[PDB]
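Student: Questions regarding the structure given below will be posed in turn.
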Amino acid sequence: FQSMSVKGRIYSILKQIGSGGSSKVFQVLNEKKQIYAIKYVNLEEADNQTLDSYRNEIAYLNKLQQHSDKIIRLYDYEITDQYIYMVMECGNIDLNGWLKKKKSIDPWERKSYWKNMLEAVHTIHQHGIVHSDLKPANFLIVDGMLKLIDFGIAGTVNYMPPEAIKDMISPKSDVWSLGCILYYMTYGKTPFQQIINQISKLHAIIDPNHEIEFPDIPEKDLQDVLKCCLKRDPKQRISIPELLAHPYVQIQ
Ligand SMILES: CN(C)C(=O)c1ccc(Nc2cc3c(cn2)cc(-c2cnn(C)c2)n3C(=O)OC(C)(C)C)c(Cl)c1
């Protein structure tokens, strides 16, 4: 029931959505009784390298507002040397939680969600940003529409591209990750969710002789997309602009 001020405007805290390191996301009500999400960040113990990553992701979230509606709306913000307050639109639940709750996944729902993720990840790519770490928790359902919460600028290994393991990279990295999200939305498991051991799992994603199973499904376009996304060589892997012109996304 605590009330906070962001650029003069008063917000009434309804519940706490989540809490990062020195971060806290709340569900709030404004003076017009409209519902929003306020992210509070504590800069007390935050270093100069940390502050720039925060400033950069805010500016990117700010610029990409205009270019796409698949990026979470940033209404207002207040930045001081002590804290950050970001006033964003409120979603229902994140894709990671929603997929964990829903036993059955509708082909239309899946297709519509796939379309959204491609548009969001395409937008960040256009501006030169590659997330490099995509998991369903990065997406949020806002009125039956998937939206991108972060840009990997400011954690499960199942969605990692072989190139991220080989750096022990490029816009094609994000394609691999999106491929695993759709694979979970198609089969109900991640390509390597079978492997409990993390080092045996990492050895499998990097290995080409370890064949990923693509069971026969009533959706042949969905098979081709999954087969196209999950190619270990990023040069051989399908691009986002091509994925957007794919029959799976385009045909009724
Ligand atoms: C605990 N979970 C999974 C929930 O039930 C849940 C998850 C998400 C919810 N909505 C929601 C979450 C939201 C936002 C707007 N709405 C904005 C943000 C946000 C935070 N940083 N940035 C750059 C955007 N956000 C957010 O980060 O939510 C999580 C903490 C759950 C990931 C709500 Cl209302 C509930």
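Letters A, B, ... mark the chains of the structure tokens in the order given; residue numbers begin at 1 per chain; ligand numbers begin at 1, in order shown.
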Can you list, as a ChimeraX atom specification, every protein, DNA or RNA residue that comes within 9 Å of residue 95 in chain A when you count only C-alpha atoms, leaving out same-chain residues fewer than 2 positions away?
Tutor: /A:93,97-100,135-141,146
Student: Would you mind listing the residues within 9 Å of ligand 1, counting only C-alpha atoms and all ligand atoms, as a PyMOL selection string?
Tutor: chain A and resi 15-20+23-27+36-40+57-58+61+72-74+86-98+137-142+148-151+154
Student: CA of residue 171 in chain A and CA of residue 158 in chain A are how many Å apart?
Tutor: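 Answer for the CA of residue 171 in chain A to CA of residue 158 in chain A separation: 18.1 Å.
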Student: Please list as a PyMOL selection string every residue within 9 Å of range 241-248 of chain A, counting only C-alpha atoms and excluding residues in the same chain fewer than 5 positions away.
Tutor: chain A and resi 111+115+118-119+122+219-222+224-225+228-229
Student: Among range 96-250 of chain A, which ones does DSSP place in helix (DSSP H, G or I), written as a PDB file with C-alpha atoms, in the first residue's frame?
Tutor:
ATOM      1  CA  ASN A  96       8.568 -18.752 -19.120  1.00  0.00           C
ATOM      2  CA  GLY A  97       5.934 -18.813 -16.374  1.00  0.00           C
ATOM      3  CA  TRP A  98       3.022 -19.033 -18.802  1.00  0.00           C
ATOM      4  CA  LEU A  99       4.565 -22.013 -20.713  1.00  0.00           C
ATOM      5  CA  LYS A 100       5.253 -23.721 -17.307  1.00  0.00           C
ATOM      6  CA  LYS A 101       1.500 -23.260 -16.358  1.00  0.00           C
ATOM      7  CA  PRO A 107      -1.040 -23.857 -32.801  1.00  0.00           C
ATOM      8  CA  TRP A 108      -2.523 -20.317 -33.448  1.00  0.00           C
ATOM      9  CA  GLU A 109      -1.235 -19.117 -30.053  1.00  0.00           C
ATOM     10  CA  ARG A 110       2.208 -20.586 -30.846  1.00  0.00           C
ATOM     11  CA  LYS A 111       2.275 -19.071 -34.417  1.00  0.00           C
ATOM     12  CA  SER A 112       1.133 -15.636 -33.161  1.00  0.00           C
ATOM     13  CA  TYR A 113       3.752 -15.761 -30.354  1.00  0.00           C
ATOM     14  CA  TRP A 114       6.496 -16.849 -32.799  1.00  0.00           C
ATOM     15  CA  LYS A 115       5.605 -13.855 -35.100  1.00  0.00           C
ATOM     16  CA  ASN A 116       5.934 -11.480 -32.093  1.00  0.00           C
ATOM     17  CA  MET A 117       9.383 -12.818 -30.933  1.00  0.00           C
ATOM     18  CA  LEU A 118      10.748 -12.504 -34.527  1.00  0.00           C
ATOM     19  CA  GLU A 119       9.538  -8.846 -34.776  1.00  0.00           C
ATOM     20  CA  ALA A 120      11.038  -7.947 -31.358  1.00  0.00           C
ATOM     21  CA  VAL A 121      14.448  -9.693 -31.924  1.00  0.00           C
ATOM     22  CA  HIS A 122      14.509  -8.298 -35.503  1.00  0.00           C
ATOM     23  CA  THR A 123      14.093  -4.713 -34.142  1.00  0.00           C
ATOM     24  CA  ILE A 124      17.027  -4.968 -31.679  1.00  0.00           C
ATOM     25  CA  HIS A 125      19.115  -6.476 -34.513  1.00  0.00           C
ATOM     26  CA  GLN A 126      18.306  -3.574 -36.819  1.00  0.00           C
ATOM     27  CA  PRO A 136      11.321 -17.309 -22.469  1.00  0.00           C
ATOM     28  CA  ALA A 137      11.595 -15.117 -19.304  1.00  0.00           C
ATOM     29  CA  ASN A 138      12.774 -12.255 -21.656  1.00  0.00           C
ATOM     30  CA  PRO A 162      26.963 -23.425 -29.990  1.00  0.00           C
ATOM     31  CA  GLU A 163      28.972 -20.232 -30.790  1.00  0.00           C
ATOM     32  CA  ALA A 164      28.469 -18.980 -27.148  1.00  0.00           C
ATOM     33  CA  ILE A 165      29.954 -22.321 -25.905  1.00  0.00           C
ATOM     34  CA  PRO A 171      22.560 -12.024 -35.012  1.00  0.00           C
ATOM     35  CA  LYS A 172      22.376 -15.750 -36.000  1.00  0.00           C
ATOM     36  CA  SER A 173      22.990 -16.541 -32.211  1.00  0.00           C
ATOM     37  CA  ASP A 174      19.557 -15.102 -31.368  1.00  0.00           C
ATOM     38  CA  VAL A 175      18.036 -17.364 -34.098  1.00  0.00           C
ATOM     39  CA  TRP A 176      19.324 -20.492 -32.307  1.00  0.00           C
ATOM     40  CA  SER A 177      17.803 -19.277 -28.961  1.00  0.00           C
ATOM     41  CA  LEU A 178      14.388 -18.421 -30.546  1.00  0.00           C
ATOM     42  CA  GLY A 179      14.590 -21.893 -32.170  1.00  0.00           C
ATOM     43  CA  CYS A 180      14.823 -23.552 -28.704  1.00  0.00           C
ATOM     44  CA  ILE A 181      11.830 -21.395 -27.400  1.00  0.00           C
ATOM     45  CA  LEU A 182       9.650 -22.542 -30.338  1.00  0.00           C
ATOM     46  CA  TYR A 183      11.001 -26.127 -29.832  1.00  0.00           C
ATOM     47  CA  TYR A 184       9.720 -25.950 -26.242  1.00  0.00           C
ATOM     48  CA  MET A 185       6.405 -24.511 -27.531  1.00  0.00           C
ATOM     49  CA  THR A 186       6.212 -27.394 -30.079  1.00  0.00           C
ATOM     50  CA  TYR A 187       7.489 -30.463 -28.193  1.00  0.00           C
ATOM     51  CA  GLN A 198      25.246 -29.393 -17.389  1.00  0.00           C
ATOM     52  CA  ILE A 199      28.716 -30.357 -18.760  1.00  0.00           C
ATOM     53  CA  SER A 200      27.265 -33.367 -20.685  1.00  0.00           C
ATOM     54  CA  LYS A 201      24.553 -30.964 -22.022  1.00  0.00           C
ATOM     55  CA  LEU A 202      27.192 -28.349 -23.096  1.00  0.00           C
ATOM     56  CA  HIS A 203      29.184 -31.170 -24.809  1.00  0.00           C
ATOM     57  CA  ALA A 204      25.963 -32.074 -26.782  1.00  0.00           C
ATOM     58  CA  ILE A 205      25.073 -28.537 -28.069  1.00  0.00           C
ATOM     59  CA  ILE A 206      28.686 -28.098 -29.341  1.00  0.00           C
ATOM     60  CA  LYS A 220       5.348 -29.434 -41.642  1.00  0.00           C
ATOM     61  CA  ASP A 221       6.227 -25.670 -41.835  1.00  0.00           C
ATOM     62  CA  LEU A 222       6.836 -25.766 -38.043  1.00  0.00           C
ATOM     63  CA  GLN A 223       9.240 -28.741 -38.631  1.00  0.00           C
ATOM     64  CA  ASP A 224      11.183 -26.858 -41.407  1.00  0.00           C
ATOM     65  CA  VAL A 225      11.451 -23.692 -39.205  1.00  0.00           C
ATOM     66  CA  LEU A 226      12.777 -25.743 -36.244  1.00  0.00           C
ATOM     67  CA  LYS A 227      15.175 -27.699 -38.462  1.00  0.00           C
ATOM     68  CA  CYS A 228      16.303 -24.333 -40.080  1.00  0.00           C
ATOM     69  CA  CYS A 229      16.869 -22.519 -36.725  1.00  0.00           C
ATOM     70  CA  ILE A 240      15.535 -13.423 -39.063  1.00  0.00           C
ATOM     71  CA  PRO A 241      14.463 -11.606 -42.355  1.00  0.00           C
ATOM     72  CA  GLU A 242      14.162 -15.057 -44.056  1.00  0.00           C
ATOM     73  CA  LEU A 243      12.256 -16.484 -41.002  1.00  0.00           C
ATOM     74  CA  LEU A 244       9.789 -13.575 -41.465  1.00  0.00           C
ATOM     75  CA  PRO A 247       5.493 -20.116 -44.971  1.00  0.00           C
ATOM     76  CA  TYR A 248       5.005 -20.852 -41.171  1.00  0.00           C
ATOM     77  CA  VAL A 249       4.651 -17.096 -40.368  1.00  0.00           C
ATOM     78  CA  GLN A 250       3.082 -15.965 -43.744  1.00  0.00           C
TER      79      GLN A 250
END
Student: What's the separation between CA of residue 55 in chain A and CA of residue 43 in chain A, in Å to one decimal place?
Tutor: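 Atom-to-atom, CA of residue 55 in chain A to CA of residue 43 in chain A, that is 11.6 Å.
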Student: Taking the chain letters and numbering used in this document, name the residues of range 63-208 of chain A that DSSP puts in strand (DSSP E or B), as a PDB file with N, CA and C atoms, in the first residue's frame.
Tutor:
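After the write, states-v9.pdb holds the following:
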ATOM      1  N   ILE A  71       8.347  -4.123 -28.171  1.00  0.00           N
ATOM      2  CA  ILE A  71       9.276  -3.745 -27.126  1.00  0.00           C
ATOM      3  C   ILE A  71       8.423  -3.047 -26.040  1.00  0.00           C
ATOM      4  N   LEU A  74       7.878   2.200 -22.313  1.00  0.00           N
ATOM      5  CA  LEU A  74       8.520   2.967 -21.251  1.00  0.00           C
ATOM      6  C   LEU A  74       7.816   4.348 -21.267  1.00  0.00           C
ATOM      7  N   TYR A  75       6.962   4.575 -20.279  1.00  0.00           N
ATOM      8  CA  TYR A  75       6.204   5.811 -20.174  1.00  0.00           C
ATOM      9  C   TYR A  75       7.020   6.944 -19.598  1.00  0.00           C
ATOM     10  N   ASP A  76       7.646   6.706 -18.456  1.00  0.00           N
ATOM     11  CA  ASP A  76       8.445   7.725 -17.806  1.00  0.00           C
ATOM     12  C   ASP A  76       9.573   7.071 -17.059  1.00  0.00           C
ATOM     13  N   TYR A  77      10.503   7.890 -16.598  1.00  0.00           N
ATOM     14  CA  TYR A  77      11.618   7.471 -15.780  1.00  0.00           C
ATOM     15  C   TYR A  77      12.142   8.633 -14.995  1.00  0.00           C
ATOM     16  N   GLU A  78      12.869   8.316 -13.925  1.00  0.00           N
ATOM     17  CA  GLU A  78      13.550   9.250 -13.035  1.00  0.00           C
ATOM     18  C   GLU A  78      14.889   8.603 -12.672  1.00  0.00           C
ATOM     19  N   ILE A  79      16.002   9.282 -12.990  1.00  0.00           N
ATOM     20  CA  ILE A  79      17.349   8.769 -12.699  1.00  0.00           C
ATOM     21  C   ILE A  79      18.091   9.764 -11.845  1.00  0.00           C
ATOM     22  N   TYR A  83      19.337   6.153  -7.300  1.00  0.00           N
ATOM     23  CA  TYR A  83      18.328   5.207  -7.807  1.00  0.00           C
ATOM     24  C   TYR A  83      17.812   5.495  -9.219  1.00  0.00           C
ATOM     25  N   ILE A  84      17.026   4.536  -9.741  1.00  0.00           N
ATOM     26  CA  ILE A  84      16.318   4.566 -11.019  1.00  0.00           C
ATOM     27  C   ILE A  84      14.896   4.122 -10.731  1.00  0.00           C
ATOM     28  N   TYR A  85      13.931   4.765 -11.392  1.00  0.00           N
ATOM     29  CA  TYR A  85      12.509   4.419 -11.390  1.00  0.00           C
ATOM     30  C   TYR A  85      12.137   4.446 -12.848  1.00  0.00           C
ATOM     31  N   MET A  86      11.568   3.351 -13.362  1.00  0.00           N
ATOM     32  CA  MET A  86      11.120   3.258 -14.747  1.00  0.00           C
ATOM     33  C   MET A  86       9.652   2.921 -14.691  1.00  0.00           C
ATOM     34  N   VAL A  87       8.814   3.712 -15.383  1.00  0.00           N
ATOM     35  CA  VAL A  87       7.361   3.529 -15.402  1.00  0.00           C
ATOM     36  C   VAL A  87       7.015   2.895 -16.733  1.00  0.00           C
ATOM     37  N   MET A  88       6.716   1.595 -16.711  1.00  0.00           N
ATOM     38  CA  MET A  88       6.433   0.801 -17.904  1.00  0.00           C
ATOM     39  C   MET A  88       5.004   0.295 -17.931  1.00  0.00           C
ATOM     40  N   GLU A  89       4.577  -0.301 -19.064  1.00  0.00           N
ATOM     41  CA  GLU A  89       3.246  -0.887 -19.214  1.00  0.00           C
ATOM     42  C   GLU A  89       3.223  -2.205 -18.431  1.00  0.00           C
ATOM     43  N   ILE A  93       1.853 -11.954 -17.396  1.00  0.00           N
ATOM     44  CA  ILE A  93       2.842 -12.948 -16.960  1.00  0.00           C
ATOM     45  C   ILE A  93       3.942 -13.043 -18.027  1.00  0.00           C
ATOM     46  N   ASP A  94       5.118 -13.584 -17.669  1.00  0.00           N
ATOM     47  CA  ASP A  94       6.223 -13.809 -18.604  1.00  0.00           C
ATOM     48  C   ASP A  94       6.010 -15.148 -19.318  1.00  0.00           C
ATOM     49  N   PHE A 139      10.523 -12.463 -22.484  1.00  0.00           N
ATOM     50  CA  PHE A 139       9.263 -12.121 -23.117  1.00  0.00           C
ATOM     51  C   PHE A 139       8.150 -12.046 -22.110  1.00  0.00           C
ATOM     52  N   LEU A 140       7.197 -11.171 -22.373  1.00  0.00           N
ATOM     53  CA  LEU A 140       6.079 -10.912 -21.480  1.00  0.00           C
ATOM     54  C   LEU A 140       4.813 -10.802 -22.281  1.00  0.00           C
ATOM     55  N   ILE A 141       3.736 -11.394 -21.767  1.00  0.00           N
ATOM     56  CA  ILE A 141       2.452 -11.315 -22.433  1.00  0.00           C
ATOM     57  C   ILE A 141       1.728 -10.062 -21.946  1.00  0.00           C
ATOM     58  N   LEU A 146       3.285 -10.878 -27.332  1.00  0.00           N
ATOM     59  CA  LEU A 146       4.581 -11.078 -26.685  1.00  0.00           C
ATOM     60  C   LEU A 146       5.434  -9.826 -26.827  1.00  0.00           C
ATOM     61  N   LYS A 147       6.034  -9.387 -25.713  1.00  0.00           N
ATOM     62  CA  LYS A 147       6.897  -8.211 -25.687  1.00  0.00           C
ATOM     63  C   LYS A 147       8.243  -8.508 -25.042  1.00  0.00           C
ATOM     64  N   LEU A 148       9.305  -7.883 -25.573  1.00  0.00           N
ATOM     65  CA  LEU A 148      10.691  -8.008 -25.123  1.00  0.00           C
ATOM     66  C   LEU A 148      10.980  -7.057 -23.955  1.00  0.00           C
TER      67      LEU A 148
END
Student: By how many Å are CA of residue 239 in chain A and CA of residue 169 in chain A apart?
Tutor: 14.0 Å
Student: Can you pull out the residues contacting residue 28 in chain A? Cut-off 6 Å, using only C-alpha atoms, and skip same-chain residues under 6 positions away; I want them as an MDAnalysis selection string.
Tutor: chainID A and resid 11:14 35:37
Student: Keeping only N, CA, C and O atoms, write the selected residues to a file as a PDB file, in the first residue's frame.
Tutor:
ATOM      1  N   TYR A  11       2.246   7.111  -7.525  1.00  0.00           N
ATOM      2  CA  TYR A  11       1.924   5.718  -7.830  1.00  0.00           C
ATOM      3  C   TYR A  11       1.660   4.945  -6.559  1.00  0.00           C
ATOM      4  O   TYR A  11       2.394   5.092  -5.582  1.00  0.00           O
ATOM      5  N   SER A  12       0.594   4.148  -6.563  1.00  0.00           N
ATOM      6  CA  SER A  12       0.206   3.363  -5.403  1.00  0.00           C
ATOM      7  C   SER A  12       0.577   1.904  -5.678  1.00  0.00           C
ATOM      8  O   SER A  12      -0.003   1.294  -6.584  1.00  0.00           O
ATOM      9  N   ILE A  13       1.573   1.364  -4.928  1.00  0.00           N
ATOM     10  CA  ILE A  13       2.059  -0.027  -5.038  1.00  0.00           C
ATOM     11  C   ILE A  13       0.947  -1.041  -4.683  1.00  0.00           C
ATOM     12  O   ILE A  13       0.411  -0.983  -3.579  1.00  0.00           O
ATOM     13  N   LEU A  14       0.607  -1.952  -5.617  1.00  0.00           N
ATOM     14  CA  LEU A  14      -0.422  -3.000  -5.435  1.00  0.00           C
ATOM     15  C   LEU A  14       0.205  -4.306  -4.941  1.00  0.00           C
ATOM     16  O   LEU A  14      -0.305  -4.916  -3.999  1.00  0.00           O
ATOM     17  N   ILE A  35      -3.195   1.048 -14.379  1.00  0.00           N
ATOM     18  CA  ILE A  35      -2.221   0.067 -13.906  1.00  0.00           C
ATOM     19  C   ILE A  35      -0.887   0.119 -14.715  1.00  0.00           C
ATOM     20  O   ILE A  35      -0.906   0.204 -15.945  1.00  0.00           O
ATOM     21  N   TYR A  36       0.260   0.154 -14.007  1.00  0.00           N
ATOM     22  CA  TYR A  36       1.609   0.223 -14.608  1.00  0.00           C
ATOM     23  C   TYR A  36       2.570  -0.711 -13.871  1.00  0.00           C
ATOM     24  O   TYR A  36       2.177  -1.352 -12.891  1.00  0.00           O
ATOM     25  N   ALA A  37       3.820  -0.797 -14.347  1.00  0.00           N
ATOM     26  CA  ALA A  37       4.882  -1.574 -13.713  1.00  0.00           C
ATOM     27  C   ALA A  37       6.023  -0.631 -13.463  1.00  0.00           C
ATOM     28  O   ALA A  37       6.482   0.041 -14.397  1.00  0.00           O
TER      29      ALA A  37
END
Student: Which residue out of A:152, A:30, A:59, A:80 has the minimum interatomic distance to residue 44 in chain A when only C-alpha atoms are used?
Tutor: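 Going through A:152, A:30, A:59, A:80 one by one, the smallest distance to residue 44 in chain A is for A:80.
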Student: Rank nothing, just name the residue among A:193, A:8, A:81, A:130 nearest to residue 48 in chain A, using only C-alpha atoms.
Tutor: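 Looking at the shortest contact to residue 48 in chain A, the residue is A:81.
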Student: Taking into account only C-alpha atoms, which residue in the set A:236, A:192, A:197, A:131 is nearest to residue 211 in chain A?
Tutor: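 Of the candidates, the smallest distance to residue 211 in chain A is held by A:192.
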Student: Between A:252, A:65, A:2, A:190, which is the closest to residue 156 in chain A once you count only C-alpha atoms?
Tutor: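 Smallest distance to residue 156 in chain A is found for A:190.
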